[PDB]
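Peer 1: Chains as they are written, first to last, in the numbering used here: chain A, -15 to 92; chain B, -9 to 220; chain C, 906 to 971; chain D, 194 to 310; chain E, -1 to 26; chain F, -15 to 191; chain G, 3 to 56; chain H, 36 to 462.
Beta carbons: idealized from backbone N, C-alpha and C, even for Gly.
Please see the structure below; I have some questions.
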Amino acid sequence: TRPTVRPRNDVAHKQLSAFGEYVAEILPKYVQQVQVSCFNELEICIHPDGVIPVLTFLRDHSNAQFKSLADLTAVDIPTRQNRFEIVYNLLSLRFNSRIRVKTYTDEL
Amino acid sequence: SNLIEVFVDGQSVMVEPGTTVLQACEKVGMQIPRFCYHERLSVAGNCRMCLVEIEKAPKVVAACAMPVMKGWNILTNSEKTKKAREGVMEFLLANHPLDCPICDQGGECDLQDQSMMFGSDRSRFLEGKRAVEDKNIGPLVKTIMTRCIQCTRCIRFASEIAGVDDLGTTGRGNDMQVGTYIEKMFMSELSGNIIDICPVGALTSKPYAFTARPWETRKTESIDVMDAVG
Amino acid sequence: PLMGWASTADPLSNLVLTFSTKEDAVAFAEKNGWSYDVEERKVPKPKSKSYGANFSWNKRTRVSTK
Amino acid sequence: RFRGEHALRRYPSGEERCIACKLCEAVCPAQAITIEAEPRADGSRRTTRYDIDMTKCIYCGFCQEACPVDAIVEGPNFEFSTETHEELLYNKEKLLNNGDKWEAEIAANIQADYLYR
Amino acid sequence: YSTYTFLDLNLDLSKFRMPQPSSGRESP
Amino acid sequence: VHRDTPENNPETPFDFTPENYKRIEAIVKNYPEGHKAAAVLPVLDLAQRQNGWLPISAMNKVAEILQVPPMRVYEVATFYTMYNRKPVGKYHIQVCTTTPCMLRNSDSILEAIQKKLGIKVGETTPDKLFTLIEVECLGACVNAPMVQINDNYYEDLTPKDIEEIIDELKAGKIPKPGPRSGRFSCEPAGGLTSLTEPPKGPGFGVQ
Amino acid sequence: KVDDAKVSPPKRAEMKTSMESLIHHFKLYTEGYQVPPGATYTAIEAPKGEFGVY
Amino acid sequence: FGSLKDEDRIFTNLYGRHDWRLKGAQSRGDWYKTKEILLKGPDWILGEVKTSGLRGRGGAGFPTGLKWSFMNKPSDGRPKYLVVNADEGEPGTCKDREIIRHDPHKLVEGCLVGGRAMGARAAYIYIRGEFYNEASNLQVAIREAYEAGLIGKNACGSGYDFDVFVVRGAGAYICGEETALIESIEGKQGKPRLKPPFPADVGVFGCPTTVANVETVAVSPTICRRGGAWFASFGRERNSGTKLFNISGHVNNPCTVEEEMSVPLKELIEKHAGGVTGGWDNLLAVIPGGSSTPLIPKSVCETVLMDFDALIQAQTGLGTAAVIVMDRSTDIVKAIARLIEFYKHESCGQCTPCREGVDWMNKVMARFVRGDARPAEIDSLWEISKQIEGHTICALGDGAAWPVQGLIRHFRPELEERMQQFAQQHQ
Ligand SMILES: Cc1cc2nc3c(=O)[nH]c(=O)nc-3n(C[C@H](O)[C@H](O)[C@H](O)COP(=O)(O)O)c2cc1C
Ligand code: SF4
Ligand code: SF4
Ligand code: SF4
Ligand code: SF4
Ligand code: SF4
Ligand code: FES
Ligand code: FES
């Protein structure tokens, strides 16, 4: 628009669009929503039964290593009918990319 | 039956034949910036601060006071609306004193909760600022009529509900004041109720006057017992 | 009694939560299990206003001084 | 531009430069300031009580820069070390005394440094 | 060419015929 | 200047002449009744005609005539230009300065009035009656910078008229209510005649 | 400073002449900015490791 | 356009200036065929003005044959009135107080004739208070004919015959716009309404009326009388008829002028009779209209005729029909700056665009006439003129952009040399 406004690029906005298209195509037992963040990051909603396998799919592979766990965190949210929000975060050291795993839960 | 299907922002909504652009756009959940329009009063068009760019038209209209014809495209956010709201609300912020250290509506005033959200970014005047003088009305209403965006909202109050016809519009052009021409005091019941109506810091409270700014108070609702209706 | 600071016990005293709806409003006072009392939402009259009705031939709404 | 003991300046021949506009208390991050104004009898509004803890004071420089009328100034003297917690609470009529023990010190500083900010 | 003498204009012959008035009502 | 009243004369008084009350009958007969309700533009101006400048007690009087609130009258008298509230003179002179009158050599019909008269510019005379203002937009800029008076106007101005109209009114004469020189009938002057005749066969309304 | 003044405060010699400068000096010190919703994460090279904010 | 004329003859729509100005017996032109005109119905006159398609001389288009027939509701239960203007608010107009000067009998000729088209009840004409001697003779001109049994309340031969009620303002505003006149006809302060509520023939005094100009109804007798096949006389097929002019500014004889459509101003202004300034090799910088038209230099406007689209082919058209020039001695910036100074002393004060936007300019236009410090304020002053169009209610918002917006055009070294002089003087 002008100076002092962040310039975007459509390169990573297309690649990270195209990459995680087939993380919902090849495990459609667990992944129930994927959305692309506008600042070139990926979120992927995962049912809490798929806490171990979709990590385990990522953990070793030829196309998506993601071998560094940067940050595990947790957010609480009243008025959701399922309170909390567990958010995983990983790092593709071969590829320089990020993806977050947002698994909802409850107390009990 | 008896409605016009009118498209706001490219989205349908069904309004009565005879509402306004203001109320219809307030049905789908939008607030055009309002100055000269309170609900419980009459309607005037004398600040020109709702400017909707109606689609497929050269001109720009006021959404306060016009009907809604057969189904328009009420296009709120465009590149001609946003050149008008930014242009009207640089005008009135010129002839205006530089308070908000000491003016008592420093928490809510609508030259301040528009002018971050809508409106401009910097000033170009760069000297001027006419300065009229104050007076007294009563020992309830501190009156500093320097501030005065001249929206004619307090004047339509008196001719309305509180039926004492006492205030007026005195002058021509830039030279006009608002208050009573003779030194008559204005006092009845409902006389101190104008200091909610007044949208800037001209009419402000006399006993409360200089105590506390309104981001610190703790609002708890309650019911008052001095009278019949509660 | 050294300055005038309005000191206090009552350790809750500053808690507002923001719930989205009535349906999930009362669904939190029970799960932790304390009593409550519910207000109501109030939305105004729709209503009928029309500029141009301020000028009459035999009606009573006719404004001046503008 | 050093930070230290607090002060309240005043105009040429005195006016107590403060106007109780309530901003130096809304951006203390630590909520030290405690202002309670009142309409003073002449008509111009002033403070009655003004309280700065010297223990919750985290020494930002957010009071120094929020003030429109240029009054409350972090003054350049680290002379401190009192012996009682009952003492480091400041009133209004400490700060003025502490702000008129020098103004030859402070006004030599601000005249050098107002050109940047 | 006369500052006064408006009764020659106003009410001299325009008072005999107004006409009529009927002018309606509008009480209000 | 200001537009407020610091209590010179709340009760002046100023009541009308019984010749004037019957002229109020004719004005109300014109307007349709009910929305008649304000004949304030001839009625208040008739009060100016009796006095010459109307104080605040005149404004309170006409409210009782027309049963209006008084603030409905204080308002209207302070908008229009012709009404006078400060005291005035016997001859209230108007020098019509505008853009084309500036082009029509107002420069000598400017000051050199004060060199002719001896007062301050834009100001009343110090003694009684000469009060000088300047107005805009009355008719002909096709004439010279014309000077209106309280009953007429003086077309074709010049410093000789400044040497005359100021001079002859100090003795109380009538300095030519019209064009003092030039064309008496404001004609094209080279197109003025145009063969004066009956207008070429009236009666095309057969159609 | 970032120029567009909804994020930076203005100069001290600017909030003292003009009118539009107090309304963005005052109200940028009673309340803060207004930032749109949505999460984020980042990382820099802190001199012993990272430093990330979610 | 035809044959580039627009002549001047004696077969005109005016009676005569020097013949007789007092009361009279309505010799040849006035009251020639009196009752036979209004003997027919309204549709004989409705659309009859389409033979001219008279655009209207108030200061806009929207033809006066169309506003009387169309945009005219038949009846519901309430009366109707006529409001004839007579106020001349554009500076240096003089189109009025010349019609009232020598031909006052013609205005009541088509007052009763024009009101038959609407079927209105009464007639309210509105004269400026400042014109008092001419308006004194107007009420005398009533009693010459109206009192003589020719008009009202059933005269002559028809059930439709009515009066004319003369009022006066004082120093008002309501010249330049309607809907402030029907407010000031009441008694309120004349701060105008919105122009499309329900516009002026829906919501009026208490019941819907019309607003016309002096020669919008003064030509209406003879245009219904002569008609033709003459009503398209000069100009192109856009505008038709003959309109009244005036010559002011710098001339040997600034005088009243009468002509028809689309005459070139190079031969029209020099004629009748002297062009005493520089006819050529001076500037002869001309203004098309009264106040709603900015400057033009010695360029193609002298080759351009006076058609409505001829000036609209240029940057700004005008319907006030007022000509003012400034060739050599006058400063260009100095004259028009006192025309912006004019608008501060007439403007209403309701809308925050006009009020406190003109005074943004009048404070700084007086700086440019002085010659002062650094430029590029001009484009800022150009933007503010670009920022009052649809913002105000009445035309005086639109009539205050135009003398600014055209002075900023057409003229590069206006103050680029003047402010240079003060920048050199301070140096
Ligand atoms: C700059 C300007 C000046 C005007 N001056 C007058 C005037 O002096 N007298 C008048 O009756 N109308 C004047 N008008 C236009 C009024 O709006 C007009 O009288 C009204 O719209 C009726 O127009 P009509 O002739 O088509 O009936 C002026 C308009 C403009 C833009
Ligand atoms: S008191 Fe001031 S803000 Fe309120 S209506 Fe009057 S002028 Fe407007
Ligand atoms: S009324 Fe508006 S402009 Fe005046 S001090 Fe208050 S917020 Fe500022
Ligand atoms: S120094 Fe400034 S912020 Fe602090 S009390 Fe005084 S006026 Fe208010
Ligand atoms: S230095 Fe910072 S924390 Fe301490 S009193 Fe000042 S603003 Fe508050
Ligand atoms: S242009 Fe502006 S000031 Fe003039 S009448 Fe219209 S709204 Fe009022
Ligand atoms: S914005 Fe209040 S008048 Fe249109
Ligand atoms: S404007 Fe001054 S005489 Fe026409």
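1. According to a CB-to-CB cut-off of less than 7 Å, which residues of the region 29 to 40 of chain G neighbour chain D?
2. Please tell me whether, using a cut-off of 7 Å, the distance from the CB of B:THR170 to the nearest non-hydrogen atom of ligand 2 is below it.
3. Distance, Cα to Cα, H:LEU57 vs H:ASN397?
4. What are the residues of the region 257 to 268 of chain D that lie near chain B, defined by any Cβ-Cβ distance shorter than 8 Å?
5. With a threshold of 6 Å on Cβ separation, who are the neighbours of F:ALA31 within its own chain once the five nearest residues in sequence on each side are excluded?
6. What does DSSP give as the partner residue(s) for D:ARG238 in the beta ladder?
7. Quick test of your reading: H:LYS278 and H:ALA357, contact by CB under 8 Å. State the CB separation rounded to the nearest angstrom.
8. Nearest by alpha-carbon distance to D:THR240: which of D:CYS221, D:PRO261, D:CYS250, D:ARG210 is it?
9. Under the rule that 16 or more other beta-carbon atoms within 10 Å means buried, what is F:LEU116, buried or exposed?
10. Sorry if obvious, but does the Cβ on H:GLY37 come closer than 7 Å to a heavy atom of ligand 7?
11. Any beta carbon from chain I within less than 8 Å of E:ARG23's own beta carbon?
12. What are the partner residues of H:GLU295, as DSSP defines its beta bridges?
13. Between B:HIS86 and ligand 3, is there a pair consisting of the residue's CB and a ligand heavy atom that are separated by less than 7 Å?
14. On the three-state DSSP scale, how would you describe F:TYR15?
15. Please report the straight-line C-alpha distance between B:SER2 and B:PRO23, rounded to a whole angstrom.
16. Taking the straight line between their C-alpha atoms, what separation do you get for E:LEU9 and H:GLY51?
17. Is B:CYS15 near ligand 7, going by C-beta to nearest heavy atom under 7 Å?
18. Below 8 Å on the Cβ atoms is my contact criterion, and I expect H:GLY325 with H:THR128 to pass it. Report the Cβ-Cβ distance as a whole number of Å.
19. Can you pull every residue whose C-beta falls closer than 6 Å to some heavy atom of ligand 6, listed in chain order?
20. Using a C-beta cutoff of 8 Å, does F:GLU59 count as contacting chain C?
21. Touch check for the region 212 to 223 of chain D and the region 253 to 269 of chain D: three-plus C-beta pairs under 8 Å?
22. To the nearest angstrom, report how far apart B:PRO204 and B:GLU98 are at their CA atoms.
23. Going straight from the alpha carbon of F:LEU122 to that of B:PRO91, what length do you get?
24. How many Å lie between H:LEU49 and H:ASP138 at the Cα?
25. I want to check one thing, is the minimum distance from the CB of D:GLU231 to the heavy atoms of ligand 8 below 7 Å?
26. Hey, quick one: how far does the alpha helix (DSSP H) through H:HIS461 stretch, first residue to last?
27. Rounded to the nearest angstrom, how far is the Cβ of D:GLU198 from that of D:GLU272, given a contact under 8 Å?
28. Consult DSSP for A:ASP60 and reduce its assignment to one of helix, strand or coil.
29. With a threshold of 8 Å between beta-carbons, can D:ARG242 be considered close to chain C, or not?
30. Compute the beta-carbon to beta-carbon distance between F:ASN134 and F:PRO161, rounded to the nearest angstrom, for a pair I have assumed lies under 8 Å.
31. Quick one: what's D:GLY268 bridged to in DSSP?
32. The alpha helix (DSSP H) that contains H:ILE375, what's its start and end?
33. My assumption, with CB atoms under 8 Å, is that H:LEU73 sits in contact with H:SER193. Please give the rounded CB distance.
34. Quick check: what's the CA-CA separation for H:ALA253 versus H:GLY154?
35. Would you please state the rounded distance, in angstroms, between the beta carbons of B:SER110 and G:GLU22? I believe it to be under 8 Å.
36. Taking 8 Å as the CB-CB cut-off, is B:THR159 touching chain H?
Peer 2: In this structure, then:
1. Taking 7 Å as the Cβ-Cβ cut-off against chain D, the residues of the region 29 to 40 of chain G that qualify are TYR31, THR32.
2. Not one heavy atom of ligand 2 falls within 7 Å of the beta-carbon of B:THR170.
3. Roughly 45 Å separates the two Cα atoms.
4. Answer set for the region 257 to 268 of chain D: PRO261, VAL262.
5. Once the five neighbours on either side are set aside, the close Cβ partners of F:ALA31 are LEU38, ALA42.
6. As DSSP reads the structure, D:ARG238 sits in a beta bridge with D:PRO232.
7. No, H:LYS278 and H:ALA357 are not in contact; Cβ-Cβ is about 12 Å, not under 8 Å.
8. Distances from the alpha-carbon of D:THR240 to those of D:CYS221, D:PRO261, D:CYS250, D:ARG210 put D:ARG210 closest.
9. With a threshold of 16 other beta carbon atoms within 10 Å, F:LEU116 meets it and is buried.
10. No, Cβ of H:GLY37 sits at least 7 Å from all heavy atoms of ligand 7.
11. No chain I appears in this structure, whose protein chains are A, B, C, D, E, F, G and H.
12. As computed with DSSP, H:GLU295 is found in a beta bridge with H:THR277.
13. If you check the C-beta of B:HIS86 against ligand 3, you find a heavy atom less than 7 Å away.
14. In the structure shown, F:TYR15 sits in coil (DSSP, three-state: anything other than H, G, I, E or B).
15. Rounded to whole angstroms, B:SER2 to B:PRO23 spans 22 Å at the Cα level.
16. If you draw a straight line from the Cα of E:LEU9 to the Cα of H:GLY51, it comes to about 31 Å.
17. Ligand 7 has no heavy atom closer than 7 Å to the beta-carbon of B:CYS15.
18. Their Cβ separation, rounded to whole angstroms, is 6 Å, which keeps H:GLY325 and H:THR128 in contact under 8 Å.
19. Checking every Cβ against the heavy atoms of ligand 6 under 6 Å gives H:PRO227, H:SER382, H:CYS383, H:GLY384, H:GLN385, H:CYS386, H:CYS389, H:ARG390, H:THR427, H:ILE428, H:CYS429, H:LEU431, H:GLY432.
20. Chain C contact via Cβ: present.
21. These segments touch.
22. When rounded, the distance between both Cα atoms is 8 Å.
23. Going by C-alpha positions, F:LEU122 is about 49 Å away from B:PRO91.
24. Rounded to the nearest angstrom, the two C-alpha atoms are 8 Å apart.
25. In this structure, D:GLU231 has its CB at a distance of at least 7 Å from all heavy atoms of ligand 8.
26. For H:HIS461, the enclosing alpha helix (DSSP H) covers residues 453 to 461.
27. Separation of the CB atoms of D:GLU198 and D:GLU272 is rounded to 7 Å, and the pair is thereby assigned contact status at 8 Å.
28. A:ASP60 falls in the strand class under three-state DSSP.
29. Yes, contact with chain C.
30. Rounded, the Cβ-Cβ distance is 11 Å, inconsistent with contact.
31. Answer by DSSP bridge pairing, in chain order: D:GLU198.
32. In the DSSP annotation of this structure, the continuous segment of the alpha helix (DSSP H) that includes H:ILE375 starts and ends at 367 to 379.
33. Right, their Cβ atoms sit about 6 Å apart.
34. Spanning the two alpha carbons is a distance of roughly 18 Å.
35. Contact annotation, B:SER110 with G:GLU22: C-beta distance approximately 6 Å; criterion of less than 8 Å satisfied.
36. Answer yes: the Cβ-Cβ gap between B:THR159 and chain H drops below 8 Å somewhere.
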